[PDB]
Every structure is written in structure tokens, then in C-alpha cells.
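# Residue-level structural notes
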Amino acid sequence: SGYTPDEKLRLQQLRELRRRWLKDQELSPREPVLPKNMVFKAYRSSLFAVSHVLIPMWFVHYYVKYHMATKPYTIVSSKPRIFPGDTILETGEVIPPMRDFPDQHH
Amino acid sequence: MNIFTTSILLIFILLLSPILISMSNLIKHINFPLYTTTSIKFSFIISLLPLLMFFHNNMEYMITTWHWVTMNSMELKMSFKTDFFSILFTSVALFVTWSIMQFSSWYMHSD
Amino acid sequence: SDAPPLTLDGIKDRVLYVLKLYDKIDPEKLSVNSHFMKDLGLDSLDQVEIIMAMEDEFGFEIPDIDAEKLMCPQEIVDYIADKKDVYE
Amino acid sequence: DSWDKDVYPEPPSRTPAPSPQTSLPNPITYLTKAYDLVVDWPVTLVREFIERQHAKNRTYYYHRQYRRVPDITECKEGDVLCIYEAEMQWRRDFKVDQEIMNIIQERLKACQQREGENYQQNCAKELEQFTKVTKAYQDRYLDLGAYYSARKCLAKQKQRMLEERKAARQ
Amino acid sequence: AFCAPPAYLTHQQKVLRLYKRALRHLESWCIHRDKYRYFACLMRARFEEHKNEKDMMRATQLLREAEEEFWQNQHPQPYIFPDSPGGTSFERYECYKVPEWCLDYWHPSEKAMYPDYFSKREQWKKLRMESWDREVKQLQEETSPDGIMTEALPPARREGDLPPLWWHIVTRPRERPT
Amino acid sequence: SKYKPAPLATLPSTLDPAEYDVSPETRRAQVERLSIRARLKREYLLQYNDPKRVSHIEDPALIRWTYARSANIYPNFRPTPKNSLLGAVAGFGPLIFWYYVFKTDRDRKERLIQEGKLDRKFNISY
Amino acid sequence: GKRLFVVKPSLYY
Amino acid sequence: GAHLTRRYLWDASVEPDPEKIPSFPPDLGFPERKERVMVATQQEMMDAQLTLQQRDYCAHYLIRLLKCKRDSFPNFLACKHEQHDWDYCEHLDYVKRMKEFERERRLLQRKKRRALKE
Amino acid sequence: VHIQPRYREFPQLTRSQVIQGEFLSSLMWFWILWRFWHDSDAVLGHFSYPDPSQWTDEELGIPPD
Amino acid sequence: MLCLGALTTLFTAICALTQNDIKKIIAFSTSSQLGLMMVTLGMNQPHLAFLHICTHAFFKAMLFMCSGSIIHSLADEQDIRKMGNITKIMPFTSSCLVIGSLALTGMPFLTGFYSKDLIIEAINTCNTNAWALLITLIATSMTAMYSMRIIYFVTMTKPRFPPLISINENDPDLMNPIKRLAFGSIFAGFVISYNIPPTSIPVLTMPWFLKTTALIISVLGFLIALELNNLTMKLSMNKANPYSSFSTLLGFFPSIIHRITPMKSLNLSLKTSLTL
Amino acid sequence: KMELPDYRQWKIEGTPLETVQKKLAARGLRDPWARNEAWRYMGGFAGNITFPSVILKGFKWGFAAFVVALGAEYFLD
Amino acid sequence: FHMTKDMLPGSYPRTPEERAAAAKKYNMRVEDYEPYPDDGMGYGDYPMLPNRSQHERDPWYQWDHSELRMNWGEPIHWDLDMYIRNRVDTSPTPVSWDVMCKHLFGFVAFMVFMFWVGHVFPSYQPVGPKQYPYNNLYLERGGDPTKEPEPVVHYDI
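Residues numbered from 1 in each chain as written, not as in the entry; some residues may be left out. Chains lettered and ligands numbered in written order. Part of a larger assembly, values for the part shown. Heavy atoms only, no water.

Its PDB header names cryo-EM as the technique used to obtain the model and reports a resolution of 2.9 Å.

Let's shift gears to the overall build of chain K. Helices and strands together make up the secondary structure of chain K, namely 3 helices and 0 strands. Counted from the first residue to the last, chain K has its helices and strands arranged as α-α-α. The C-alpha atoms of chain K give a radius of gyration of 23 Å, which is well past the 11 Å a tight globule of 77 residues would have. Along the three orthogonal principal directions, the C-alpha set of chain K runs to about 75 × 40 × 15 Å. The buried share of chain K, taken over its 77 residues, is 38%. When the accessible area of chain K is evaluated, it comes to approximately 4,700 Å², of which 62% is carbon and sulfur surface. (Helix = DSSP H or I, 4+ residues; strand = E, 2+ residues; numbered from the N terminus. Rg over C-alpha atoms; globule rule 2.2 N^0.38 Å. Buried < 20%, exposed > 50% of the residue type's maximum accessible area, 1.4 Å probe, protein only. Areas by Shrake-Rupley, 256 points an atom, 1.4 Å probe, with all protein chains shown as cover.)

One full turn of an α-helix is made of 3.6 residues, so residues set three or four places apart face in the same direction. Given a rise of 1.5 Å per residue, 13 residues ought to cover 18 Å, and the 18 Å separating the end C-alpha atoms of helix α3 (residues 59-71) of chain H matches this to within 8%. Counting buried positions over the 13 residues of α3 of chain H gives 11, a clear majority of the element. Of all the residues in α3 of chain H, the buried ones are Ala59, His60, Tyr61, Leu62, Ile63, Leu65, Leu66, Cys68, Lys69, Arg70 and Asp71 of chain H. The elements touched by buried residues of α3 of chain H are α2 (32-57) of chain B, α2 (42-48) and α4 (80-117) of chain H together with α8 (172-195) of chain J. (Expected span 1.5 Å × (residues − 1). Contact = heavy atoms within 4.5 Å.)

Another aspect to go through is the interface of chain J and chain B. It is common to give the size of an interface as the accessible area that goes away when the parts come together. Taken residue by residue, the interface counts 24 residues in chain J and 18 residues in chain B. Taking both partners together, chain J and chain B bury about 2,100 Å²; carbon and sulfur atoms supply 77% of that area. Considering only the surface of chain J that becomes buried against chain B, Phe50, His72 and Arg180 of chain J emerge as the three largest contributors, covering 30% of it. There are 2 residue pairs in polar contact connecting chain J and chain B. (Buried area = accessible area lost by both parts, 1.4 Å probe. Polar contact = N/O pair within 3.5 Å; in protein donor to acceptor, adjacent residues only side chain to side chain.)

This brings us to the packing of helix α3 (residues 46-73) of chain J against helix α5 (residues 91-105) of chain J. All names here are of chain J. Running from N to C, α3 and α5 point in directions that differ by 150 degrees, and their axes come no closer than 9 Å. In this structure, the crossing between α3 and α5 has a hand that is left-handed. Contact with α3, carried on its side by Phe59, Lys60, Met62, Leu63, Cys66, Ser69 and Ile70, involves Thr93, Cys96, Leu97, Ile99, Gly100, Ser101, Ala103 and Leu104 of α5 and no other residues of that element. Of the residues contributing to the contact of α3 with α5, the split by class is 10 nonpolar, 4 polar and 1 charged. (Axes fitted to C-alpha atoms, helices over the stretch in contact; angles between N-to-C directions. Left-handed = near helix turned anticlockwise from the far one by under 90°. Nonpolar A, V, L, I, M, F, W, Y, C, P; charged D, E, K, R; others polar.)

Residues and elements named next belong to chain J. By the secondary structure assignment, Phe183 is in helix α8. A residue is classified by how much of its surface remains accessible, and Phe183, at 34% relative accessible area, is partly exposed. Placed 87 residues apart in sequence, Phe183 and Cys96 show a C-alpha to C-alpha distance of 10.0 Å.

What follows deals with the pattern of salt bridges. Scanning the entire structure with this criterion turns up 89 salt bridges over all chains. The salt bridge involving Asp71 of chain H is made with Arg70 of chain H; its shortest N-O contact spans 3.0 Å. By relative accessible area, which is 12% here, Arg70 of chain H ends up buried. Notably, a salt bridge pairs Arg259 of chain J with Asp89 of chain L, separated by 3.3 Å at the nearest N-O pair. With one member in each of two chains, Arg259 of chain J in helix α12 (residues 253-274) and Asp89 of chain L in the loop between α2 (80-83) and α3 (97-120) form a pair that bridges those chains. Here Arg259 of chain J and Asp89 of chain L have matching classes, each one buried. (Salt bridge = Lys/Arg side-chain N within 4 Å of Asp/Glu carboxyl O.)

So, about the side chain of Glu82 of chain H. Residue and element names in this part refer to chain H. Tracing the backbone through its elements, the reader meets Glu82 in helix α4. For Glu82, which is buried and forms no salt bridge, the nearest opposite charge comes from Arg64, at a distance of 4.6 Å. Setting aside its immediate chain neighbours within four residues, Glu82 contacts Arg64, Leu65 and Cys68. (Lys, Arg positive; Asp, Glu negative; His and termini not counted.)

For the rest of this paragraph, the subject is unusual backbone geometry. For the peptide bond that leads from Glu31 of chain A to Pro32 of chain A, omega is -5 degrees, which places it in the cis range. Within the secondary structure layout, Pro32 of chain A lies in the loop between α1 (5-24) and α2 (40-68). The residue after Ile21 of chain H, namely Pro22 of chain H, is reached through a cis peptide bond having omega -5 degrees. Along the polypeptide, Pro22 of chain H turns up in the loop between α1 (2-10) and α2. Even without a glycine there, the phi angle at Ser110 of chain B is positive, about 55 degrees. Positioned with a positive phi, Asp143 of chain D is a non-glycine residue whose angle comes to about 60 degrees. For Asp143 of chain D, the location among the structural elements is in the loop between α4 (124-141) and α5 (150-169). Judged by its relative accessible area of 46%, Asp143 of chain D falls in the partly exposed class.

Structurally, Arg87 of chain L can be placed in the loop between α2 and α3. Classification of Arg87 of chain L by relative accessible area gives partly exposed; the value is 40%. Distance in space between the C-alpha atoms of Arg87 of chain L and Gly128 of chain L is 56 Å, their sequence separation being 41 residues. Beyond its immediate stretch of four places on either side in the chain, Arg87 of chain L contacts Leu266 of chain J together with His55, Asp81 and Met82 of chain L.

By secondary structure assignment, the location of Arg8 of chain I is in the segment before α1 (15-38). For the buried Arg8 of chain I, no salt bridge exists, and the shortest N-O distance to an oppositely charged side chain is 4.3 Å, to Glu57 of chain C. Within the structure, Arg8 of chain I has its side chain in polar contact with the side chain of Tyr7 of chain I (distance 3.4 Å). Here the side chain of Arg8 of chain I touches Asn36 of chain K through a polar contact of 3.1 Å, side chain to side chain.

If you want it as C-alpha cells, here you go:
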């Protein structure tokens, strides 16, 4: 069955007060009362790249070269690939090439 | 041997920068999602650099930035093993997270 | 941007739109105060189908007790406005 | 570099000369040149300034050396003075041995990272050194307990020497 | 939600609830609209053919059998509207549904950010203060001395009066506060 | 083709047989339960919407639940053989079980170490 | 526009 | 694979298992069998830093492919010929393994025929 | 950027979204066709898997009988 | 590891076969791909597993982004039963979703070719468990099946969303990251796999049915799922089966375990430790 | 404000809903919500979406670009 | 506060007047009130509410404790902290519990048995072992350079 007159009148009055409350929830046009663009490539990326990237790169490079490379086993890299026919920069010798490759089918 | 480590630690510094900006009380004056998205894309480029280096010479790296503690014979140190896996997953994760940050800026609006 | 707000006139228009698309209700006798059983001559299954149509339109369900309380398009409009906080 | 290759050995690098077959420019070479000119030059300038300031204000510090006090083996039991001196000397040597083990382990890790795919063959002497120093460390310091001391180390050594002597009987 | 449940559901209400739930699960199975309309008209035909039952004991038996059939043939994952319970968006904005009494604890600077809103808030508070005594008297008058009591509440019955216990209903947080 | 209820998957309130065979006693019991519920709801709503209230609403049901869970258990505890056996098992059986587990493991380890058959490869920091 | 007040706790402290 | 159903359905006497291959002496049926030759030696493989899995009898082609890629790191799509050479060598090695498998399978069949003759 | 909502009709589509969508679809299909034309090793490989039955006993080195 | 990965990829594909929430479908797809990576680790192919990590990261990022755009355009509506006509109403998102589905199933020379098909060739041509191999192939076919389910019930058929059209995908903040992930999901597997240093020597001498296995089973899964979806379009109610109930209710694992283990644990806690 | 289309435009002919209506009238039944469901089969939604039509989207321009690329490669080599 | 010992829970009721007093204390009907059996487990007069979790509660009703789905003043189950919505669920399932358990156990057992079958009948390729040079890579696998290994000879075919 439908609404009783009791519940219908209560819902009507409650909804009207809800309309009033939600209308009062609006903001006045003065609310709230608070107390060099150039282009994106030329300016916006420029100062960000020179501030948040370049200066941290300076500090990181300083720490890496003068506080990490000065320690013995801090930065350890694997040996480079040495192929036949290569010339060693540090030593100066050329390692001999491989054999004659008897298969030339493909 | 310096540019490689500098790029890795610069990835980490560029990631740590928006956290310090968040706790440094200037968020109300800047566009924080856009700033973080630019931070992620610059981290992705700076991570593309060791990707190219490893694709060239296959250098395998181990970097011990900071010594944390020493307990008798165990020397707990902050070390990074810059591998094929580390480099490639770092680049892929940074690219994906750049897309995720921009999509989050679109999607979590009115939040 | 997305998700435009609801208005009272929009809710009324959409409710009357669905009720006019209903075949058992002739659109010339339909009013916003037309009772489903008094002057429309419908039944409880028809009312349940009407409420399900309104749920399908507005993308959210009405609970069963309020749904069986609803018996006229004005009541449906008032329920939708009260649920969605449409004050004007 | 404050470190020395006598205690941190490192094989000399053998890098190959570049042999670019392709005609494309190398972005790695371009980026390294730009990175040097932009980052490395100001960093080395400010580091040279810092070094010359340190040269203006130069100070020195020394490494403390302890004379050898008599060992606990010649200390009478119940004589807490010489026992204390020997115990402090033993704790000092224990800490030195901990750092020796750290040095050997760091050397082994450096060997493994340097060799990479050839570590199972080219780190044979590093692994042998690690195994020998690990065996010696286990013979002198293992199973002492949380209250490790010169007395406990001496008792363990005496027990081990007694077992070795009894095994040497037959 | 806006109405309180009674002591028990009558037979007609149980049948209507079964009909609506059956239609929802039928749409969950059918997916496509034309197929759903066909099978929903068939389900309506079944309910119509069992509508005119006069014994009411056989009607309760048919309701029990229909409920057994529904529980055998229900969709394991029926469609739920997102705002409905069990949905994806249900209770999503409860983290943002801040109650209105934190403005009482707001600092005078934060109040000074919003002068007109707080003036209207004070007007609402004064209205609540008078209406509370008025509605407590009304609820004492309206309460039966003994007998059956339900959760329904009276409206305002005189001019210049408000319904009892209106504050938590009228000043509830919005469903989309932001 | 029948739903079998469980303690962890209960019977639906629309599938239980007690719903369809109703009695006037059950109807008046439900009406009395609704009356009790409505009285409690009315009292709570008065206390909730009172503007002069400056504190939280105390819940005697929550107070009773906490008191029954905390301070009433030992006054209402009586030693029976069943709970004596249950307490003895739940207080000793895990202890005896883990005692035998650890004793067997450490005895095996000590035997292997004393006979030399257990090799400590690089265990230097125990 | 039609902007509405957002109820927030005291973030001042 | 038809070998799998022949082993698990017909019999396992003539169908061999992958673990003990070969189960016959290498000179059985071969009058002279030359030893397999290795082109790239241990020093060159160690300098090329090949993994121990890939130090097989195509290590020289792998070394050539790696040298090509290191030389022409830009334009990485330039060692297709070396990639094809290394893949063809691996295909030949796989064909040799298949030849070994079927050789010892036919030797198992020959053993069964000898047993039936005796 | 904002577009007018439609109640029950088909929405009005901007040129940018349809152009970019068909561009991405065409780019995917062009890449697939180009790679399939150039290196069609997705099908059959390029090594022509041998049938072992045609290998001879003289090259498999089994003794005759 | 091989057995565990095969079991979980089969189970998660089966669970994904009959889901309705699009996020649930692609999450079970993610779990199936993780099971495939665990299979690849069960074989001695870790580098193929890492390559599949990268390629699958691209696929799932773009797929989830497209699904989120669908959800935001349909006003936080998440299940596929109230979608439809997405190909015509959201053309950019539909195009990128189709790209993601094809690259997940392993259409040739996309980003999924260079990891998934090498994994399928390796599992076909290496000595492993037979049942793990069979259910891995069935899981790949079912991956094609649920991708077709997504494509059908979202991008195809008639509209089923509520009438008020509030679709607006014209924001560059939406278009640009999806475009970048689309470029990734097209070209990144190719670029990465041609820049990978050669390791874990693949076998390439295999019969034709062991070479085109992944493509054949993907096409078969697409055709089977298309026929099943047309049967669902056909106007007839069919009686539900325990297989479909098992698939839809996630194999009864969440209900059974998440009801029996918290109950036993917390009941043991209160009824024994604290009280007794 | 927002203006709704004229509800009289929602007819039933040429529809799967019309097929459903024929099937129901075969059983002596009438479907009254068909016009409410009619908007999903009319106008810009009135079209059969096919799985080849979804997969082969942009295939024409992709093949055209492929042909142009082949011609460019043949001209350069 | 104003909570006294007559409103706090007490001992196990013996007499009908004690049962009526307990029911009035817990705001329950006398017929609905039924305490735990007097097994000496410390329950006292606390009621035996039915073992249904808060998921079975009506979600469309405005409970006084909306997270708990409970009203104010109604008796609280002894295991509310186990039956909260963040925890153990007792809601009815579309398929019965015994059938769910049997299907789950049968699926797991069938998968385990099939894995065992595939293990005892492995699938492979008609190939021999992988061929490796230099005595199966003795030195690079880490053999003793001083020791001479037993030579491993591989032949062409």
C-alpha cells in the first residue's frame, strides 16, 4: 500500500526543510574570503629542467665522484665484452681473430 | 662510470623530490599532479640513458651508495645491483607510471 | 565537466517520459498526480515494473519498502529528488 | 683515493677501442660530452675550490696503536687486573678480526661482480681465501656464545688441541 | 531507506519482492534487452496465472515453491547498481561525508573565511533550539500510553512547527559532498 | 536441487520453513519485538537530536558486552571435568609437542656436530 | 558555477 | 609427438628415453667417427663473456653476432645476417641431436632384432 | 572540450577522437602488415623441420644385418 | 614452479571466463599471465619471464586505463552487462582496447609476439610435465576466449547503459597517456626484443603444429567465444551448470577459505586463548 | 535546460523487439515496455556491429600505408 | 555513566524471575532470551543470540551503528568482533556449502592427480642431450685446473 497521511505529511515537511538546508549550503559570490609565461618549451620546461634536474644532477655527480669513487669497491662493473679483432685501449694489444669458419652454407 | 651512477641516483632523487615538496608546505601554490607527472617523465628520460648504455656495451653494475651498519661480520650497506632486469624494468615502470600519473590527474578529479 | 546535475523539471520530464512509453498508460490521461490504481487502473505488478523502469533510467535502485510506498509520479519525483539532493 | 690496491686488489681494466660500423651518430657519446661540459666541469671546479680551502686549513690525525699486554695464558686466575687487560686486548682483536672478515667478503663480492659470467672460474683464489679465513674464524671464534671472552676462546682452543692430539695418537 | 520496516512482511509484499528479485536475476541471465523483455513477459504471465488464488494456503505453498525455484535458478553474480549495497560505488563517499558539527570546532579564522554561511548556520541553530522543546512536547503527547509502537514518526501538526527529530534527517551529509 | 544451510552458509530467511507456517503467537512476538525496537529507537533518537547534548551517547549494550567479555568470566566460571581437560590440553599439549620437536631437532644437530657429520660451510655469525 | 560548501573538520590545529 | 604415444602406448623397449643417450658405444656401426670440432676456444669465449649455457658449438657465430651488435649499436636492425647464421648453426646442432636420438632408437630396434634372432 | 549530453540519441562525436582512434588502428595494422611482409617467421619458421624417417641407416651409422 | 604456474593460469582463466566486472576480468587475466610467467620460470627461461613482465606491463596498463575511461564515461558503472556499442560511441577507447586485447592474445608482431609466443614454443619443445603443457595451452585459448568476451560485451552489440549520454573522452589528459601506452603496446616488444643481448638459446627446429600452436589456439579461442556469445544472443534460457557456477564463484576458494579459516582462527583465539 | 526528444519517435517496427513482440503474440502475450527499450535499436545505434568490423577497423588505411611504404622501398631500392 | 550491578551482566539464571530480570536487563522478550548452557565457561546470563554475521542484516535500514549494522540498545552478540562485516561471513550462498567443499576438493585432487600423471608420463622432443664442448665445460663450470678430468668426447653425426 501507499503512504499513510502521517508519513506523507512528515516526508513533505522534511523534504521542504531539506530543500531549504541545501539551498543554504550554497556559497555567496565573495566566498571564500581569501586573506612571464612565454611558451611551454622555452620557459616552463626550462626552469624546471634547470632547477629540479640540473642542480640535483650536480649534487649527485659530486657525491658519486668525490665520495663514492674514492671508496674501494663502491662502483664495481663487469668486464667489457672483448671480441676477436678488437684493440685494447688500456693495454694496446690486438687479440688474434678466430679460425677459418669451414661452414659457409647459410 | 660516473654518468651511469649519476643517472640511477638522479632517478631516485627525482622520485624523492615530490615527497619533499608535499611535506614542505608549498602544495597550495603549485600544481602538484602536473609537477609530479613532469618529475616522472624526466625520471623516465634519465632512466632511458642507462638503457641505451646497457644496450650498447652490456655493462653490469653494482653501486654501494651508503654504508648503513656493521654487525661483526655482516656489513649492511645500501647497495643497488643495476642489472639488465633492473634497468629495463625501471624504464618500463617509469613509462607506465608516467601514463598512470597523467591518467590519475584526469580520473581522480573532483577528489 | 562530466556528470551534469539533476533538476526537478528534468526528473519530472524523465519520469513522465517513461510513463508515456509505458503501453498500459495512455499519455492523454497521464498527469503528475495520477494515482496508479485510482485513476490509472494499474496493479501491484505494474507498479513494481514502473519502479524497476525508474531504477533502470536513473542508474540506482530504490529499496523495496520505499518502492512499494511510491504510488504516483509526483511521489517518484520527490523520492528521486530527496535521494539525489536536488534542491532546485 | 684513500684506499690501496694491496688490500683492495683490482685487475687492470681492458676496454676495447670503439669500431663503429654504422654511420649513425652515437647518442651516448653526444650525451657524455654534453654531460661532461655541463655537470663535470662545475663540480670539479667547486671541488678544487674545496680542496684548496682544505690545503689552506690542513690538519692531521693519527691511527692509534696499542702495545701487546701479556696474554691471558700467563694471567693467574682470580687476578682481575691482568685478566681485565687480556680481556680488553682479546675484544680488540675480535673486532679487528670482524673487520678482516668484512674486508675478505667485500673482496669476494667485488670479484664476483667484476667477473660476472666467469665467476665460477676466475674467482677461485678469492673463494679459496674466503674459505680459509672462514675456517680459521670458525676454529677461533665459533660457538663461544653471547658472553664470549678470552677465557672461553682459550678453553675452546684447548679442547680442540686436545682432540687433535688424541687423533694424532693413532 | 526512507521508511522503517514493519513488524512482518505481508504475503503480498513477499510476492512483490520475489517478483522484483526474479526479474532482476532474469535480466542478469538474459543481458540482451530483447531477450530480457521476452522472458520477463513470460515471468509476468506466470505470476498472472497464479494471481487469482483464493485458498491462500495453496498461495503460500506456491510462494514457497517459487522461492525454492528462484534459489535454484538465481544468478551467482546478479547485477547490482553501483550505489546499491554490494555494488562497486557503495559507501564510497563515506570518507567525505563529514558531519555538520565540526563547524562548531572550527577556528574563528576558518569561520571568517565563510561569514554568510556561518550566519545562516546560526539561524538554523536557533530554529533547532526552539523546535527541540516544541517537538519533545509533541512526541510526549503523541506517544500511546500502552500498546503497539512502531518506528514511524508524527509530522508537525500546527502552524509554525517542525516535525520531531528532524535534525539528523534534514542536516544529513550530501550523497556527493565533493 | 536443494540448498543445504551451514553454520558458515546459513539458511535464507525466505527459504526457511518457519516463515510459511506462521502462527498468531509468532505474529504477536514479532509485533512485540518491533515495539521494543521502536522504544529503543525513539530513546536513541531523542538523545541524538537533543541540541543541549555536549557529549557522546553512552551505549549500555556495549558496556554490558565489554563487561561480559572481560570482568564477568571468572565470576561465572565453574570448574567442570570437560573444561579442566580442555584447559590442560590447551595449556600443556602444544608445549609438550614443541618440546619434543625442538629436543629431537637439537639432539640430532648436536649428535651430527659431535660426530662431525654436519658441515658448517660459511656459518661464522650464528 | 553553483558551488556548494564542503564540510571539513578543523584542519587549523 | 608420435614418439611419445609410441613410447607410452606401443612399447618402451624400442622407444628410448631422453636421459641415457647414447646407450651404445659411439664406434658401434661407425668404422671411423671423427670428434666434433670446436671453433671458438675458451679464452675467446671468456673474453666475449658468454653465459655457460650458450658456450656450445655455435659460440663463434654468437661472438660474431654480439660483435656486430656492439659495433652497430645504433640501427640495431643491422645484424640480421649474423642472427640468421647463429640460428642456422643452432638448427644444425638440433638436427644433430635428432640424428643421435634416432640413431640410438634404431640401435634399440636392432638390439631387439638380435634378441629375437637368438 | 565540454559537449552537450544526449538523452536517448547517438552522441555527437568530435573529429579529434575518431581521427586519433582510426589513426592508432591503422598504425597497428600497418605495423602488422609491414612486419609480416618483411620477416614472416611467425608461420613455419624458416628452417624446414626434417622428417627423421627419411634419414638413412648408413648416415645414422647402425650396423647392417 | 612449473606445476604451480600451470595450475594457477588454468584456474584464473577459468575464473575469468564468466566474470562480469571488467576490472575483475582483466585482474584474473593478470593472474593468468603471472601463472604463465611462473611456467616460464619453471622452465629454465628466466629472461623470457622478464620479457613477458615488460610486455604484459604495457598491455595491462593500457587495458586498465581504457577500462577506467569506460567506467568514468558510464558514471562509475563497472560490469559488462550494462555496456555496449562502445565501438561507435567511444571510438578512441574502443580502438585502444582492441589493440590491447589483440596484443594480449598474441597477434603477430605486436608486443605480445616477442614474449608469449617464445614461451609457447619453449613449453612445446622442452621436456616438461605433460598436463602442465596441456593446461597451459588451454589457458592460452581461454585467454583468447575472455578477451573476446570483453570485446563482444563491451565494444559490440547494442547499448545497455542508462540513457543519459555523458560520454566525454576528449580530454588530452585522457587521450595522451593512452596514446603513449598504445605506441608501447605496438612497438615496445619489437624494440626491446631486438635490443636484448642474446641469452637462453631458443629452439627453432620444430614441426608446423608446434610452431603455430599459439596462433592456432588463439584463433580457435576467438571463434569458440564468438560462437558462444552468439548463442547467448540467441533467445533461449538454458539451465545453469556446475561448471559455470564454479567459474563464476571463483572456484569456491574465496567463499570456502575466507569463511572457514578466519572463523576457526578467531574462534580458537577467543574461545581458547583469552578466555580459557 | 536539456530538451528531450519526442517520445512518439520510439516506434517498434524493424526491430528485434518487433521479433520478440511477434513471439509473444504467438503465445497470446503483450509486452508493454518495448517502446521504452526501443531507443537502443534506433538512430545511430541502429546497426549490426560485427567482430570483423571491429578487428578490421582502420585496416583500409593501414593497408594503404603499407602499400605506400612498399612503393617507397622499391623506389629507394 | 550511571551503570550499576543490576544492569551489568550477572550469573547464570536459575529461577523464572531471574530469567525475566535478565531479559528485561538485555531488552529482550522472555521467550526470546535464552542464555548459554551452564557449562561453567564464564558466559553467565549473557544471551545466546543467533550465529548470524552482520552481513545478513538489512543494508537499506539506517542502523544506529551503521558500520556494525546494529541498533542502539539491542543486545550485542558474544562474537560481534568475529561477525563484523570486515570479518567472518555467514551469509547464504547460491550453492550449498557441502557441494562447494566437494567441488573444491575434487578440483584440487584432480589437478594433483593429473600433475602426477603428467610427471610419470613427461612430454619431450625426439632429440638427444644438449652437446657442450671442453669436457662439458669443466674449467668454466669450476673444475680443478690442477686435476685432469675424465675426458668427455662428442662425435659428429
